[PDB]
């Protein structure tokens, strides 16, 4: 075979790029698509397009624009620039608004610099933005903005934006604003972090900075004082420039107010009905309030009879939080994914006025998400097909007869496509399917009336032809049995794999709760290079604690992080080592983040299975990590709750057992998520017992270690380490 292999440089320089087709639906019939930096509008039925915005119109703009956002009526475009990253989702930017009718920039009443968040209303062209932690509303892009809140205070009071923990662990967003469906009301949360302790770490910046600066971030570690939260709704149709806006508060239910709690979901039901879910700090009890606007009062009333309790006896509520309700047109009923009596996640149908919900799906598999809802059909994604928890397909269920379930993606191309996501148009007249494996990604457009496959948007033809000239690895997805339970694994196998030769094996671990590392997704990554060029098998295993297989598996690690999920990785590797094609003298393990924790726990286990391993930004002790995530799984680190297990599940306590392995420990110094602290305590424990190891800090890098140069450097360094570990003397 004279073809080149998939090398480290190919991964690092992105030589082989997957093609995408990211569209944005603007109506029931049309979508926007960025082609050649021109924004085109497409008609879904025929495939014809027009140029909505020529790539040249902002040639004289002055700044490089980061992103575009067209108002829902197509009259305005928000130009985003001076982008400055904060955390995972948060950033600041400058904004300008361009009038699409006039074909001119608006120069009056501009959105301020250092704006923290901006959003169009869902209909028309109102704006709401947050600046210096306060909310502002613009009825028209050129008009003076109304100031909604006056309490905004850096690191202390947050209006319409989340603090650190709510951004990272609750909403997965900086935004804490929720327009009503037609833009009449703007709902928002206010966070108060007054008593929340600060994480502090050094930032070194450019060489020219003489004194490092100290970054200070309100961050509750497990057991610490949490932010408090309030919820408000303001009518944006009755604002005055003369009087200050009035925000109506909707207070949490009594069952929440008795102790610490969170706001975890906000979902508008109708123009005049809002739902909110609240979660106790002890995350096994949550309640939904359904609140109606009272025209006489001007107030929002949440009737007790419309209250819905969701709890768990085996673990926490929801995969990472209580799930999202999907309301019908009239908002009188709704659909919601919840754990059934057998512990599998399925769609339940609720009346707003009734306590008992009715499950409309069932079986030993799970609904992943509800994707669209019409009066006749609910569309959802599940891993039902072929009983493969790592595959994903689109289904529809007839609302008048639940026996009638149709798979819409299963048979389109079963050899190439077993993992789908979907994007529906405004009223679900059309949908885009995005197949992402096991073959190359495939984007297709369909119409809902008879599920016609209209056309192929992107089939990655170019890439296919290029990859033909490369010795690409294959992927095996299979299972092993442990106490009569299937647990799935995948192996990235070298080209020309020979079952009679012995290969070194790298165990690629994440293994966080609800994690899935064995799936049918096609990926070009570090593992691709390891298999193709270095002839290493890269395996991953989903053991106890993994998701999408029911709560019996998922909740196995409840109150018990660093136990079964760690043990199951060792057990999988033990079993892989007995296969004929695995060199048991050369088994390695690595992981990032949660997987760095598991890797570290595995290496300190004393198992003798692993010769070496690499931990990148690992958690080392659960009390160091954030409250919302940690306590979900661990409860509170007090003697009357779960302290003994917080204390038993540290990497540090296992330091001695590292004496018989090669360990590389890596961490960014500006990691705001898993603090450098965590690795600092590992290294010190190893030093204290006399264990040699390898280390690398990345100056000013965060949890992603994703700056272009650091990303190349880390993978280069880890490759040297693995190759050295696997070299035969």
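Numbering follows the first chain given and starts at 1. Under this definition, the rigid core comprises the largest set of C-alpha atoms superposing within 1.5 Å between the forms.
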In 6 other deposited structures of this protein, rigid core aligned: more displaced of 575-583 and 533-541 by C-alpha RMS: 575-583
Root mean square C-alpha distance from this form after a core fit in 6 other deposited structures of this protein: higher for 53-61 or for 676-684? 53-61
Quick check on the record: does 481-489 or 87-95 carry the larger mean Cα temperature factor? 481-489
Where do the C-alpha atoms have the higher mean temperature factor in this entry, in 386-394 or in 638-646? 638-646
Note to self: of 604, 613, 152, 439, the C-alpha temperature factor tops out at 152
By the entry's C-alpha temperature factors, tell me which of 445, 511, 105, 224 sits highest. 105
Looking at the entry's B-factor column for C-alpha atoms only, identify whether residue 712 ranks in the lowest, middle or highest third of its chain. lowest
CA B-factor placement of residue 243, once the chain's modelled residues are sorted into thirds: highest
Quick one: classify residue 545 as lowest, middle or highest third of the chain based on its Cα B-factor. lowest
Binned into thirds over the chain's modelled residues, the C-alpha B-factor of residue 357 lands in the highest
What third of the chain does residue 325 rank in for C-alpha temperature factor, lowest, middle or highest? middle
